[PDB]
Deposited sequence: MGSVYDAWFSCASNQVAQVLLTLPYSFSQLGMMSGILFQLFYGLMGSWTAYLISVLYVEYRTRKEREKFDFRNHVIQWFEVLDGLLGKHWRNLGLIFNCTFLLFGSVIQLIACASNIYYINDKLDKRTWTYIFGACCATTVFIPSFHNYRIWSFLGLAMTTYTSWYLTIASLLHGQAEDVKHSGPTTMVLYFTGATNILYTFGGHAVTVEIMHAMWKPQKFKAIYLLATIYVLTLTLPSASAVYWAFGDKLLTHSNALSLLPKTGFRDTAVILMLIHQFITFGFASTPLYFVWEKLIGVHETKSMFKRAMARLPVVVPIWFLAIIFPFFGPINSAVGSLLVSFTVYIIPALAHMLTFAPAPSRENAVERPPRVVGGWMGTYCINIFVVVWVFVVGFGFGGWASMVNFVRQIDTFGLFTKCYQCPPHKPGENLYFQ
């Protein structure tokens, strides 16, 4: 894969469905805090990808001096022993199970907005089967070169949301109460945390390059483009509708029904189904290996049954993003990538003999360790501590409001 091919991957593996939920998040944070968090986590999310990049280079160089595919649960094994391999494997697979569920919930939610004759829960049955057929495909890693399409699908939707909101225009009923409560505020901040970071598949992309060393720069440019997709779409939609978004998690529910809006759903539905096969093809690999194992394709289904159940019992499109973000992404994409870097380079011989030197601008090892400590401290307290509690108390509130196995979420 070429260097530019990866940039299409880091930009398509980024916001897929959360792009629709970001406007809902700002209604809980306010426009000011909303912009700052995306920039704040955008840089931290881009910084942790660098941490995953130096770790991968260190692993391969050590292993080459003493191969077809590498993954995160194996890089930790080589550097920090098998104890971290189990730690990384569980958190990644748990994030893929729920991360894959979010796609199924999003697909069912989006389709409802072009054909409302069937309720959203029923659409989870139809799309659940259309997402359970992923077991009948050997793998999607071989088709990671078509990521340029995913960027186009996300690019059009982001530019529609901002342009459509601006043309729609706000009205007298529109109000912007900003951070009304801490439960809502931290729930929104967790959606932005869930948005950025790398999504745990940042180590597989690097192995496809002719020169994996320069990935750290590519991701930063890939995150800068994402901010161009999220900052104007989320800021504009919030401006047009304001607090009305609080009861409308999906931005497409508020924008007027139009042929252009239909395109947003159709293009976005494809991008989420493919993103569903990208967040489940690793699950079908670990799962089959664990059980030892068309004789194989059908056997993958057991993994899908949890995806159906979670997607149907908790169709909470908006709040689920925060529930996954605070408990799993905060420990899978921010804290573990940061702890591993600190542990591996803790010994003096490893640090001095590091394959790649630390950045001069950051300030050498002293700067890198200080930043890594901040990442762990900030995400652990705000990302997991406050974010987890606020997300959970907001998540359970959905159960009271809409009930278990709700027929339809946040629809008229």
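- Gaps in the coordinates relative to the deposited sequence fall at 1, 68-72, 300-305, 425-435.
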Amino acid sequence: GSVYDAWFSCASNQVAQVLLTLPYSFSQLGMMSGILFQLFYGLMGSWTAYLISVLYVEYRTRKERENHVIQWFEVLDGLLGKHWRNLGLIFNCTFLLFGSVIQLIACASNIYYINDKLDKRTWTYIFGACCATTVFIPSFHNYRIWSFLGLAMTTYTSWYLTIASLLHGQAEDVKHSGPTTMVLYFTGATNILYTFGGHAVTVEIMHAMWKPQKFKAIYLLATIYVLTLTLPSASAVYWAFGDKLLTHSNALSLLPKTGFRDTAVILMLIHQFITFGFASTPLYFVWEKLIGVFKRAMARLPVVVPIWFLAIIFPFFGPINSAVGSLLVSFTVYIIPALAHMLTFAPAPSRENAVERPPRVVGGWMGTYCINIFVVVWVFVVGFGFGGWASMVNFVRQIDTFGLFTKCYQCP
From here on, numbers count along this sequence of modelled residues.
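- Compared with other entries of the same protein, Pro212 falls in the group left without coordinates by at least a third of them, where both flanks are modelled.
- Residue-level annotation: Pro138 lacks coordinates in a third or more of the other entries compared, counting only those that model residues on either side of it.
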